[PDB]
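Novice: One structure, pasted below without further comment.
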Amino acid sequence: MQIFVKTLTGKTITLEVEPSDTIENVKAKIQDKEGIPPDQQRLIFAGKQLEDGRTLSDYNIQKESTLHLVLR
Amino acid sequence: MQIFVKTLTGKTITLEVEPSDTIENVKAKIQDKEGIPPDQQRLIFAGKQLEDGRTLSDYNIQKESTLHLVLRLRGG
């Protein structure tokens with residue numbers, strides 16, 4: 001799966017993810033690409049913030065979806 | 001400071017919050033009390049939906065305010 005991760009601050013990155021991927025894991029993925037540590041980041045999908053435990057699919061995140069990064 | 005959350009059954013509970021607590025931290029106390037996961041919650045104050053990254057002070061939520069718990073039926 002290919003998901004897009006927009007940093008509220010403009011630009012959209014791409015992440016090749018697996019459906020079973022936990023948000024916690026996609027954060028560790030955004031760490032490598034943006035340098036912000038997982039505990040300092042906040043991912044929003046369609047209005048809501050997703051918790052680290054649940055996986056991408058638990059929030060029905062399909063292919064080519066845009067995610068939003070917010071710095072806490 | 002103590003504040004109230006009107007729950008699903010329209011009942012009212014009290015929470016011990018600090019002015020600098022964010023909406024995120026609030027929801028989790030609300031999870032403790034009502035068992036509702038933080039992702040299924042929607043808090044409404046003054047007929048408005050508050051977001052996770054703001055603190056209570058950002059809403060000028062004073063002592064003894066009464067927020068509302070709404071269960072998220074869906075969304076994405």
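Here, A, B, ... name the chains of the structure tokens in the order displayed, residue numbers run from 1 inside each chain, and ligands are numbered from 1 in the same displayed order.
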What residues in chain A lie within 8 Å of chain B, counting only C-alpha atoms, written as a ChimeraX atom specification?
Specialist: /A:45-51,59-61,72
Novice: If you run DSSP over the backbone, which residues in stretch 11-47 of chain A end up strand (DSSP E)? Put them as a list in words.
Specialist: residues 12, 13, 14, 15, 16, 41, 42, 43, 44 and 45 of chain A
Novice: Which of these, B:17, B:44, B:36, B:30, has the shortest distance to residue B:63 once you count only C-alpha atoms?
Specialist: B:17
Novice: Enter the distance from atom CA of residue A:23 to atom CA of residue A:43, in Å, rounded to one decimal.
Specialist: 8.2 Å
Novice: Can you work out the spacing between atom CA of residue B:46 and atom CA of residue B:29 in Å, to one decimal?
Specialist: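 We find that atom CA of residue B:46 and atom CA of residue B:29 lie 20.3 Å from each other.
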Novice: Can you list, as a list in words, every protein, DNA or RNA residue that comes within 6 Å of residue A:38 when you count only C-alpha atoms, leaving out same-chain residues fewer than 2 positions away?
Specialist: residues 27, 40 and 41 of chain A
Novice: Could you write out that same residue set with N, CA, C and O atoms as a short mmCIF file (atom, residue, chain, number, x, y, z; two decimals), in the first residue's frame?
Specialist:
```
data_model
loop_
_atom_site.label_atom_id
_atom_site.label_comp_id
_atom_site.auth_asym_id
_atom_site.auth_seq_id
_atom_site.Cartn_x
_atom_site.Cartn_y
_atom_site.Cartn_z
N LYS A 27 4.78 5.65 12.38
CA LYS A 27 5.40 6.78 13.04
C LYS A 27 6.94 6.64 12.97
O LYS A 27 7.69 7.61 12.76
N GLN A 40 6.77 12.79 19.62
CA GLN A 40 6.56 14.24 19.37
C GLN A 40 5.64 14.47 18.19
O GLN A 40 5.34 15.63 17.84
N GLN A 41 5.17 13.37 17.61
CA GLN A 41 4.28 13.45 16.43
C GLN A 41 2.85 12.99 16.71
O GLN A 41 2.58 12.14 17.57
#
```
Novice: Can you list, as a PyMOL selection string, every protein, DNA or RNA residue that comes within 8 Å of residue A:13 when you count only C-alpha atoms, leaving out same-chain residues fewer than 6 positions away?
Specialist: chain A and resi 4-6
Novice: Would you work out the distance separating atom CA of residue A:2 from atom CA of residue A:71, expressed in Å to one decimal?
Specialist: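 Between atom CA of residue A:2 and atom CA of residue A:71 the gap works out to 22.4 Å.
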Novice: Which of these, A:44, A:15, A:58, A:10, has the shortest distance to residue A:31 once you count only C-alpha atoms?
Specialist: A:15
Novice: Could you go through chain A and tell me which residues DSSP, when run on the backbone, assigns to alpha helix (DSSP H), listing them as a list in words?
Specialist: residues 23, 24, 25, 26, 27, 28, 29, 30, 31, 32, 33 and 34 of chain A
Novice: Pick the closest to residue B:35 from B:66, B:71, B:58, B:48: which is it, counting only C-alpha atoms?
Specialist: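 The closest residue to residue B:35 is B:71.
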Novice: Quick one: everything within 8 Å of residue B:16, counting only C-alpha atoms, minus sequence neighbours fewer than 3 positions away in the same chain. Send it as number ranges by chain.
Specialist: B: 1-3
Novice: Can you tell me which residues surround residue B:34 at a distance of at most 12 Å, considering only C-alpha atoms, apart from same-chain residues fewer than 6 positions away, and format the answer as a list in words?
Specialist: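 That gives residues 5, 6, 7, 8, 9, 11, 12, 13, 14, 15, 27, 28, 40, 41, 69, 70 and 71 of chain B.
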